[PDB]
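Scroll down for the structure; my scribbles are underneath it.
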Amino acid sequence: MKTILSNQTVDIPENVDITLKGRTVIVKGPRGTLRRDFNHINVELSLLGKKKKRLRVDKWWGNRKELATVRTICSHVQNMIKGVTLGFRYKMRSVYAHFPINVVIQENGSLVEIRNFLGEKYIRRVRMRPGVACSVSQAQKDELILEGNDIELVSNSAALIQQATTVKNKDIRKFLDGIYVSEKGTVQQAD
Amino acid sequence: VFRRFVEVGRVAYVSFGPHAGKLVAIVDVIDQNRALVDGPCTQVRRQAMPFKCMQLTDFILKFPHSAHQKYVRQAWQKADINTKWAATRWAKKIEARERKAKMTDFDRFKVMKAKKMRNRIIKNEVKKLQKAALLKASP
Amino acid sequence: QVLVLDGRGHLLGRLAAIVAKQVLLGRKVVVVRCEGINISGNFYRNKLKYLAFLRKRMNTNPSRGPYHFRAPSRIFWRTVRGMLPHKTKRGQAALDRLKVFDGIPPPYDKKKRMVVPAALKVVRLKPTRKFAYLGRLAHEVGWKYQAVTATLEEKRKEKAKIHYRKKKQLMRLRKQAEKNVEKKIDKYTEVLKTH
Amino acid sequence: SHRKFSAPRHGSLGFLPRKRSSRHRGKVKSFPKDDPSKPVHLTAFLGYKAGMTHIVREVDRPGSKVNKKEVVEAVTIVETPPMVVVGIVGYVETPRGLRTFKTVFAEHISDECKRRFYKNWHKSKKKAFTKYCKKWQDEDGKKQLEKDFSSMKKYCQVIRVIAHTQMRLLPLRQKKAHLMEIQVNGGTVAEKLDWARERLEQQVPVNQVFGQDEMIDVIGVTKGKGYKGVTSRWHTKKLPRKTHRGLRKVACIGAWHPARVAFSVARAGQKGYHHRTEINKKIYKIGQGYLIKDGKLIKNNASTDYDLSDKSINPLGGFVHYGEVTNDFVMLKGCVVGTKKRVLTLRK
Amino acid sequence: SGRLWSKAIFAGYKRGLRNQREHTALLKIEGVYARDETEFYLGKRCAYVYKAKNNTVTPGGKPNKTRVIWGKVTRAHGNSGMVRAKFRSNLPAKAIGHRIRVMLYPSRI
RNA sequence: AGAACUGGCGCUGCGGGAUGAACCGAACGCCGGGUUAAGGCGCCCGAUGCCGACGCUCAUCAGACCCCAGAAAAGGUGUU
RNA sequence: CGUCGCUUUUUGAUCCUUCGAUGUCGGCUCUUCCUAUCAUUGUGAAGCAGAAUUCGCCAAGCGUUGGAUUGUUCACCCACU
RNA sequence: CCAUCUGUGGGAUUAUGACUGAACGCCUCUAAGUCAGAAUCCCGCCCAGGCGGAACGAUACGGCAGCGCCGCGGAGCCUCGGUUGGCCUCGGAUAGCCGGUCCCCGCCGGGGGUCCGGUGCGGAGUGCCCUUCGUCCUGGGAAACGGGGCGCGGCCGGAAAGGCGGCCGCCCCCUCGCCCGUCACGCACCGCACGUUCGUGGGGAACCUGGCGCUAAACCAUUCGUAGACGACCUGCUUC
Ligand SMILES: [Mg+2]
């Protein structure tokens, strides 16, 4: 079709300041900073105006699979804005039958050492992506909490745990055992 | 990023084609790759030139959407594009590119003798600034 | 005498056909840094048809027969050979004017390198489509010299900064020197006829 | 077409050109990786296999049915007199592989090293290194000799060590040194290279390179058997007795339409004398041989903590086809490639 | 003192695909790479200079080992600045890729 | 396998279809210049090295030229 | 009940090639290839509780035997796997 | 296997499960961007080492001979091809280029504000020599390093194929190594081709020709048996 442009904008609150080197975006905020390069995605970005901080992503030329990626851009900025002010917290809970899951942390809140999963002798050590924090819950049974700024480093690491607790050579519809994610939240609440 | 657009009234240079080397005024974009243009004060009349033919310049003209030749003629010489186009650094480069093409054999000799002269002058002078640059760094 | 082609950013087939014609016309052509030649189509696609190339193997003894080269220099060399009449002695002599080098050797690191804008990826592919590097489909297929080459590139390119850093030192100087004019009698005739 | 009965391949195609190998001394195809943090050390060593005996050891392996009992094991013993380091080779890497940078040899080299550099030592005037020794002592040749270690230290990334064997200490009639070139895999290259200038023309024992119960590899050239037929070279099934023109032959050496004899078929040629590398041969004992004459040399090999005799590992009557061992030795569990009196390079 | 001739390589014989024609050569005169700008070189005498081991000259007073085959530029050949020339003998096919020597002689400029 | 009608091959080369009995151009004394048919013009391989026009399509088995040398029903929120 | 295909390991149909000759069944022996996968790796689905099975996916790396009868290919049986 | 011993790990990923996430305001493993993933695949380990290369040793006396290196002039023999060199940033492409005050890496590099330019003119559509016919007379402008070298001495840079480059002190020497102007001369060979360079090229044979050096080793024959069809292969041969 080759339409004339589309554009979404992303409003920026005051404690976070987005600066851009190009199609690379640098996001500094209160609880750290993080950056993403979009040198594959063929769009211009424009932060415009002092004292209000609006980011304008627009694509002038394009087709229907090139128009679909202008929202994917602006929805990745809002995960960089939300994660650098609030952060991400994926609470996940252990579900077990007869055998209780023994889950500890070896290395400074990075390595996760899972044993006594389904009565097996084999420990399952999970080393995580750099930028998340491991923490066994308090005032709750068998809950594991991951905290960090960047969603794709939180969420991929929360996927490695759930994938490691995979029941093999069995009926997966019974034998419902695993450390499944149960909540998608923030580190700081209600801002 | 994208500091100059096409637009109703945008002055464009025409690089190749049947009107190669003349300015035009973009009047109406017609479909996606073809634009209605004219130049009333630069000897190119009204037609649809393709966009890959043209070169965007940085002069805009505030005339209405798809007017006649007359109002574009008024806006061309109210804004006085032709003196502003001569007094730019890019039409000096296309002026300079044709002066070098019509350089005769006798002038090309005279350029050669006056080129190899002044490059002696700088080389016998740029050596002096090297000579004083170590003389700072020797104490 | 001899032209020197930097090979990165170029396409495999678009560059090697232009090398194949310029080498039939008597020139001596040297393509340098043929590690980063791009090749169209995504990487898993092009890695398939190179693995299909590896099993084209004569049954009775694979020692004689198809010689699968794996360095991206000889990948590029073999592409030129299929666009030459190499079974004739005019096509044999055409290959002897081609000398292809991976990385940048020291006879050819201080020359000025040329590019072919016919064959560039920036020119010729639509930017929203995927391409493959010849360096890492060589590395995926038995080329065991990627690390020892990419070490010698950054040893090469670090020595090339300190040359260019001091070059723009030199031409800041002869531009500061030509401010000290004293010569505008000679500046008449060049600006008159394109300085 | 579809054989009716599946059998596997006779022989391995991984060792295919069953060729007389181009070397009598085994070449190390690939040295062990070297890291700067680990101490500085050699990696291989030359030895001469002398024969086999067996042994009696107390096994200790929990879980098995043998645990805490006596087991006999067949062991080979390899007489390894201490090597003498002679030269230092550096290798700088290219994108065409490793390349020899340059070599520096010792000041005065031995006489049995020089015997390696000649195919006719008797008809010779022995003139090797006579002009190369004079540069260690003439000072103009010396202040550039130290220059070639500093350019060695700067550029090349893996350095090795040229050593040879002391063939004066063996009962063989050979007297030519076997000149090997082995790799120092220690720390960084400056400590790796000052570790070799310090010990040119000095001996390197075997217990300094290897250790007890430190599992190594044997590299050798196999027992050469000559030009032998199909059923012995490849262990192919013999034909039944009634067969005209021949029993011990492979019958069908291929189909019709490939129309050529394949490489993958078994036929007659040279068996043995091939280069092979064994993997995972355990060391049992590093013995030392035939010490001082102050009181007595002391034979005292093969005297374990339960035997306590004046034994020595050379058996009663001397080794068959080898001689009588007077040197430092290594004993290795299992069979080991080669005839007796044959060079084979032990390697980590 | 200096070069009074423009450089050109002998690219091949005029040919179809299978059969080739020996009587007409074709050239790639250097620096000219379009059919519109080849009109200068038409009619120009062009030469193929080579060596042997016996001797001949016309003007030099002593015969040297250099000898030559003359010939002239006939017409244009396709859209890309090629040029076909018809010499007085045929080129020996040793000359493929080697230069020839295109003079400026029969001048209308 | 067997008929009809016209042409062809057999008796017949040449250009094009990579290769070829019959297909498409086209028929032949020995040559020079000119031009074309059928076919083509990234490089083998003569000629697009045109600032060619407009769209369509991404394949982890793409596709690519009469005869002609490989495929169907059915299905696809893949795009148009 | 229909109906659309593929393959040339069956048999036909054909008679183009070989009648101044291409040695004609099977077995033995040995190599290599194909996948339309029996097992083995990693998986998805069951009317998958477990165990055993069954249906599908990437997949030909590796294996797929010993005998009684019979010229047998095929068949049938004993036994292991 | 009728005795004994040994048999070796990485990468990208297939199937498939997923991550964020649009298209389609939600959803969704996908469209761009990610993760895990295997008897398959490629490599390692291992077997052979290319009309593929390195590094190093030794380089022929005797009695006349002989052989390298450097410095040479002198001819003829054989193979021909070219007619000025560019001596270097990295790269990006919905982007880059130059100059720049301020705070950080043993008197140099990392950053940001600022100023420029940009169908790139600090433009290989370009740049430097140059289209140098020579010299003499003879003035202006430009320039006080001289520039070639058989110079001698010195340094230190460039290992991926360094086989090249930069700097310095003395020196027979030039003080005409440029641009404009004055003066008159040279083969002015009588209209004409292969001219003009790289080039005192490449390769071989010899001779008059200065200095500096150098004084071996392969193969056979003999022996060995770690080897063997034969060749090949591994070895010995001192007046102790
Ligand atoms: Mg190796």
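Chains: A, B, ... in order of the structure tokens. Residues: from 1 per chain. Ligands: from 1, in order shown.
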Worksheet item: Mind listing the residues within 10 Å of ligand 1, only C-alpha atoms (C1' of nucleotides) and all ligand atoms counted, as a PyMOL selection string?
Response: (chain D and resi 27-31+97) or (chain H and resi 44-46)
Export of prior selection with N, CA, C and O atoms (P, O5', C5', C4', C3', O3' and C1' of nucleotides) as a PDB file, in the first residue's frame:
ATOM      1  N   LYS D  27      55.338 -38.136  15.897  1.00  0.00           N
ATOM      2  CA  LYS D  27      55.099 -36.703  15.937  1.00  0.00           C
ATOM      3  C   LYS D  27      53.918 -36.386  16.835  1.00  0.00           C
ATOM      4  O   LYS D  27      52.884 -37.047  16.762  1.00  0.00           O
ATOM      5  N   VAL D  28      54.073 -35.373  17.679  1.00  0.00           N
ATOM      6  CA  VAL D  28      52.955 -34.862  18.460  1.00  0.00           C
ATOM      7  C   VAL D  28      52.101 -33.982  17.557  1.00  0.00           C
ATOM      8  O   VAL D  28      52.510 -32.885  17.168  1.00  0.00           O
ATOM      9  N   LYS D  29      50.907 -34.460  17.229  1.00  0.00           N
ATOM     10  CA  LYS D  29      50.045 -33.724  16.325  1.00  0.00           C
ATOM     11  C   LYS D  29      49.432 -32.500  16.972  1.00  0.00           C
ATOM     12  O   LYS D  29      49.164 -31.519  16.274  1.00  0.00           O
ATOM     13  N   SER D  30      49.223 -32.530  18.286  1.00  0.00           N
ATOM     14  CA  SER D  30      48.503 -31.465  18.977  1.00  0.00           C
ATOM     15  C   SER D  30      48.880 -31.464  20.446  1.00  0.00           C
ATOM     16  O   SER D  30      48.512 -32.387  21.175  1.00  0.00           O
ATOM     17  N   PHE D  31      49.571 -30.416  20.884  1.00  0.00           N
ATOM     18  CA  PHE D  31      50.010 -30.274  22.261  1.00  0.00           C
ATOM     19  C   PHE D  31      48.882 -29.769  23.145  1.00  0.00           C
ATOM     20  O   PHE D  31      48.002 -29.048  22.677  1.00  0.00           O
ATOM     21  N   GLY D  97      47.768 -20.287   9.829  1.00  0.00           N
ATOM     22  CA  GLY D  97      48.272 -21.242  10.801  1.00  0.00           C
ATOM     23  C   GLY D  97      49.474 -20.712  11.554  1.00  0.00           C
ATOM     24  O   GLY D  97      49.891 -19.564  11.400  1.00  0.00           O
TER      25      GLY D  97
ATOM     26  P     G H  44      39.296 -30.243  12.526  1.00  0.00           P
ATOM     27  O5'   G H  44      39.539 -30.405  14.083  1.00  0.00           O
ATOM     28  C5'   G H  44      40.123 -29.337  14.804  1.00  0.00           C
ATOM     29  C4'   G H  44      39.850 -29.434  16.280  1.00  0.00           C
ATOM     30  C3'   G H  44      40.578 -30.534  17.016  1.00  0.00           C
ATOM     31  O3'   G H  44      41.914 -30.197  17.317  1.00  0.00           O
ATOM     32  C1'   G H  44      38.321 -30.511  17.674  1.00  0.00           C
ATOM     33  P     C H  45      43.100 -31.109  16.760  1.00  0.00           P
ATOM     34  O5'   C H  45      42.930 -32.468  17.565  1.00  0.00           O
ATOM     35  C5'   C H  45      43.035 -32.483  18.977  1.00  0.00           C
ATOM     36  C4'   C H  45      42.561 -33.792  19.543  1.00  0.00           C
ATOM     37  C3'   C H  45      43.120 -35.038  18.904  1.00  0.00           C
ATOM     38  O3'   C H  45      44.432 -35.326  19.319  1.00  0.00           O
ATOM     39  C1'   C H  45      40.808 -35.296  19.263  1.00  0.00           C
ATOM     40  P     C H  46      45.602 -35.279  18.239  1.00  0.00           P
ATOM     41  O5'   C H  46      45.319 -36.550  17.344  1.00  0.00           O
ATOM     42  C5'   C H  46      45.269 -37.832  17.933  1.00  0.00           C
ATOM     43  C4'   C H  46      44.464 -38.779  17.098  1.00  0.00           C
ATOM     44  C3'   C H  46      45.011 -39.061  15.720  1.00  0.00           C
ATOM     45  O3'   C H  46      46.072 -39.991  15.727  1.00  0.00           O
ATOM     46  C1'   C H  46      42.680 -38.699  15.602  1.00  0.00           C
TER      47        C H  46
END
Worksheet item: Can you list, as a PyMOL selection string, every residue of chain B that DSSP puts in alpha helix (DSSP H)?
Response: chain B and resi 69-78+81-86+89-101+105-137
Using 9 Å as the limit and counting only C-alpha atoms, can you tabulate each residue of chain E that touches chain C, with its shortest atom-to-atom distance in Å and the two atoms involved, as JSON lines?
{"residue": "E:9", "atom": "CA", "partner": "C:25", "partner_atom": "CA", "distance": 7.1}
{"residue": "E:10", "atom": "CA", "partner": "C:25", "partner_atom": "CA", "distance": 8.1}
{"residue": "E:11", "atom": "CA", "partner": "C:25", "partner_atom": "CA", "distance": 6.3}
{"residue": "E:28", "atom": "CA", "partner": "C:25", "partner_atom": "CA", "distance": 8.8}
{"residue": "E:96", "atom": "CA", "partner": "C:25", "partner_atom": "CA", "distance": 7.8}
{"residue": "E:97", "atom": "CA", "partner": "C:26", "partner_atom": "CA", "distance": 4.5}
{"residue": "E:98", "atom": "CA", "partner": "C:26", "partner_atom": "CA", "distance": 6.2}
{"residue": "E:99", "atom": "CA", "partner": "C:26", "partner_atom": "CA", "distance": 8.3}
Save the residues we just selected, N, CA and C atoms, as a JSON list (two decimals), in the first residue's frame?
[["chain", "number", "residue", "atom", "x", "y", "z"],
["E", 9, "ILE", "N", 42.70, -1.48, -24.54],
["E", 9, "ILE", "CA", 43.02, -2.90, -24.53],
["E", 9, "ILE", "C", 42.16, -3.62, -25.55],
["E", 10, "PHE", "N", 42.72, -4.67, -26.13],
["E", 10, "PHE", "CA", 42.07, -5.50, -27.14],
["E", 10, "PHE", "C", 41.29, -6.59, -26.44],
["E", 11, "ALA", "N", 39.98, -6.40, -26.35],
["E", 11, "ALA", "CA", 39.11, -7.22, -25.52],
["E", 11, "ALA", "C", 38.70, -8.53, -26.17],
["E", 28, "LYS", "N", 38.37, -1.80, -25.98],
["E", 28, "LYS", "CA", 37.83, -0.99, -24.90],
["E", 28, "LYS", "C", 38.81, 0.16, -24.68],
["E", 96, "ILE", "N", 45.08, -10.70, -26.57],
["E", 96, "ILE", "CA", 43.87, -10.55, -25.75],
["E", 96, "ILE", "C", 44.26, -10.05, -24.37],
["E", 97, "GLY", "N", 43.72, -8.90, -23.98],
["E", 97, "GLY", "CA", 44.02, -8.32, -22.70],
["E", 97, "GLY", "C", 45.19, -7.37, -22.70],
["E", 98, "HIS", "N", 46.12, -7.53, -23.63],
["E", 98, "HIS", "CA", 47.23, -6.60, -23.72],
["E", 98, "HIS", "C", 46.75, -5.30, -24.35],
["E", 99, "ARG", "N", 47.57, -4.26, -24.24],
["E", 99, "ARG", "CA", 47.09, -2.99, -24.73],
["E", 99, "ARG", "C", 47.22, -2.94, -26.23]]
Worksheet item: Which residues, written as number ranges by chain, have at least one atom at most 12 Å from residue D:156, with only C-alpha atoms (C1' of nucleotides) counted and residues fewer than 5 positions away on the same chain left out?
Response: D: 89-94, 98-103, 148-151, 188-190, 192-193; H: 159
Fill in: Long-range neighbours of residue F:53 as JSON, numbers by chain, 12 Å cut-off, only C-alpha atoms (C1' of nucleotides), 4 positions minimum in chain
{"B": [33, 34, 50, 52]}
Discussion item. Just to confirm, what's the straight-line distance from atom CA of residue A:77 to atom CA of residue A:185 in Å (one decimal)?
Written reply: 17.4 Å
Discussion item. Counting only C-alpha atoms (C1' of nucleotides), a student should be able to say which residues of chain G come within 12 Å of chain C; what is the right answer, written as a list in words?
Written reply: residues 31, 32 and 33 of chain G
Could you write out the selected residues, including N, CA, C and O atoms (P, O5', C5', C4', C3', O3' and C1' of nucleotides), as a PDB file, in the first residue's frame?
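Saved result, result-v4.pdb, follows:
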ATOM      1  P     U G  31      32.176 -54.508   4.509  1.00  0.00           P
ATOM      2  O5'   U G  31      31.842 -53.349   3.485  1.00  0.00           O
ATOM      3  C5'   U G  31      32.896 -52.590   2.934  1.00  0.00           C
ATOM      4  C4'   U G  31      32.457 -51.797   1.737  1.00  0.00           C
ATOM      5  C3'   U G  31      31.388 -50.754   1.955  1.00  0.00           C
ATOM      6  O3'   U G  31      31.848 -49.592   2.611  1.00  0.00           O
ATOM      7  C1'   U G  31      30.957 -51.905  -0.044  1.00  0.00           C
ATOM      8  P     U G  32      30.865 -48.792   3.589  1.00  0.00           P
ATOM      9  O5'   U G  32      29.951 -47.955   2.606  1.00  0.00           O
ATOM     10  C5'   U G  32      30.507 -46.984   1.738  1.00  0.00           C
ATOM     11  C4'   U G  32      29.535 -46.641   0.647  1.00  0.00           C
ATOM     12  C3'   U G  32      28.227 -46.033   1.117  1.00  0.00           C
ATOM     13  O3'   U G  32      28.305 -44.632   1.290  1.00  0.00           O
ATOM     14  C1'   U G  32      27.786 -47.804  -0.379  1.00  0.00           C
ATOM     15  P     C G  33      27.280 -43.873   2.259  1.00  0.00           P
ATOM     16  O5'   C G  33      25.897 -43.888   1.478  1.00  0.00           O
ATOM     17  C5'   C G  33      25.721 -43.076   0.333  1.00  0.00           C
ATOM     18  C4'   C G  33      24.503 -43.469  -0.459  1.00  0.00           C
ATOM     19  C3'   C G  33      23.162 -43.208   0.190  1.00  0.00           C
ATOM     20  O3'   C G  33      22.762 -41.857   0.113  1.00  0.00           O
ATOM     21  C1'   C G  33      23.170 -45.356  -0.776  1.00  0.00           C
TER      22        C G  33
END
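For chain H, the residues having at least one atom no farther than 12 Å from chain E, when counting only C-alpha atoms (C1' of nucleotides), are residues 77, 78, 79, 80, 81, 82, 83, 84, 125, 130, 131, 132, 133, 192, 193, 194, 195, 196 and 197 of chain H.
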Can you write just those residues out, C-alpha atoms (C1' of nucleotides), as a PDB file, in the first residue's frame?
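Full text of out.pdb as output:
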ATOM      1  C1'   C H  77      72.803 -14.235 -26.188  1.00  0.00           C
ATOM      2  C1'   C H  78      67.788 -15.365 -24.783  1.00  0.00           C
ATOM      3  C1'   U H  79      62.209 -13.728 -22.638  1.00  0.00           C
ATOM      4  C1'   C H  80      59.019  -9.790 -23.129  1.00  0.00           C
ATOM      5  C1'   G H  81      55.367  -6.769 -20.915  1.00  0.00           C
ATOM      6  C1'   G H  82      54.446  -1.467 -19.830  1.00  0.00           C
ATOM      7  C1'   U H  83      54.731   4.246 -21.356  1.00  0.00           C
ATOM      8  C1'   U H  84      54.013   9.403 -14.405  1.00  0.00           C
ATOM      9  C1'   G H 125      34.369  13.165 -11.170  1.00  0.00           C
ATOM     10  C1'   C H 130      53.527  17.651 -13.620  1.00  0.00           C
ATOM     11  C1'   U H 131      52.708  19.191 -20.578  1.00  0.00           C
ATOM     12  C1'   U H 132      61.055  19.668 -17.695  1.00  0.00           C
ATOM     13  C1'   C H 133      63.286  21.195 -25.017  1.00  0.00           C
ATOM     14  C1'   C H 192      54.596  11.582 -42.341  1.00  0.00           C
ATOM     15  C1'   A H 193      55.186   4.953 -38.699  1.00  0.00           C
ATOM     16  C1'   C H 194      57.425   1.170 -34.263  1.00  0.00           C
ATOM     17  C1'   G H 195      58.675   8.230 -31.013  1.00  0.00           C
ATOM     18  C1'   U H 196      58.704   9.432 -25.400  1.00  0.00           C
ATOM     19  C1'   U H 197      59.336   5.968 -19.866  1.00  0.00           C
TER      20        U H 197
END
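Restricting the calculation to only C-alpha atoms (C1' of nucleotides), the smallest distance between chain G and any of D:66, D:177, D:279, D:230 is found for D:230.
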Fill in: Best match for closeness to chain B among C:100, C:181, C:84, C:134, counting only C-alpha atoms
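Smallest separation from chain B among the options: C:181.
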